[PDB]
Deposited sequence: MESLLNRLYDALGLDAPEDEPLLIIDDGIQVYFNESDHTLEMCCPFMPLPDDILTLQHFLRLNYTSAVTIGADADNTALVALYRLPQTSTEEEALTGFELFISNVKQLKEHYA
């Protein structure tokens, strides 16, 4: 029973990518013995100060900022080892969504 499947059950979701009308797309990556949550929240900036700002945010945040391989957007990230329990996964998901909403504020 994969951690991803574990999270879904914990969330009550019955999937046979998770999109929420909060204008949020969550992608899951289960490679490297871990569960990674990813959410592209805005286009990749070309401004030095803005880029440094997101790297600074990574110094103190549980939810970190990265850039997709396609180099088209900044993505909020959060990883957990597959060995994690369904309770830890659930908690991680809750924290992730809250931070993504925060990142989209202005």
property	result
Deposited residues absent from the coordinates (by C-alpha)	1, 18-21, 112-113
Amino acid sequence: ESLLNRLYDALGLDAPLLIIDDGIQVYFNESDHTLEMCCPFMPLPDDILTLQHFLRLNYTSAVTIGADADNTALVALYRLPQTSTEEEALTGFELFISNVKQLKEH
From here on, numbers count along this sequence of modelled residues.
{"query": "Per the entry, higher mean C-alpha B factor between 27-35 and 42-50", "finding": "27-35"}
{"query": "Residue stretch of maximal mean CA temperature factor, 53-61 vs 66-74", "finding": "66-74"}
